[PDB]
């Protein structure tokens, strides 16, 4: 009775819960783009890894339509999480604070049917709100285009525990 997760009984002694150390799950769900009046969505099947106090969302490559210079990519965790994971388990340790967390470069191929031109855009975790994770995608300039080829992207942040 004397132990509190992530401290746990490990082979009759005091150890660290294996579940805290590593948990794998999956999100089959919708990624939505919105920017300067452009809107579209695509389905992705993504692995999720939860390791110590961090969650990692491993988005695969996907194809979308036009994007703006700056815009938002939103992951809807309200549906699609593999049980027993719940929407609440994707809440950041900074809750619904607005942040600039895990900012990275992502190269997106812009085209209108032909050979894509790759733009180096800037992506970060901005805000989680009621199960929707909003990622800012901006910078790198733009070209006229009708289609976007997105790379595989890993999105990571510290996960709520209270």
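Positions refer to the first chain, counted from 1.
Q | Mean C-alpha B-factor comparison - 10 to 18 and 149 to 157, higher one | A | The stretch with the larger mean CA B-factor is 10 to 18.
Q.
Per the record, averaged over C-alpha atoms, which has the higher B-factor: 112 to 120 or 22 to 30?
A. Stretch with the higher mean C-alpha B-factor: 112 to 120.
Q | Cα B factor band for residue 35 (lowest, middle or highest third within the chain) | A | For residue 35, the deposited C-alpha B-factor lands in the highest third.
Q.
Can you tell me whether residue 129 has a C-alpha B-factor in the lowest, middle or highest third compared with the other modelled residues of the same chain?
A. Tercile = highest for this residue's CA B-factor.
Q.
Test of reading the entry: by CA B factor among the chain's modelled residues, which third contains residue 75?
A. Tercile = lowest for this residue's CA B-factor.
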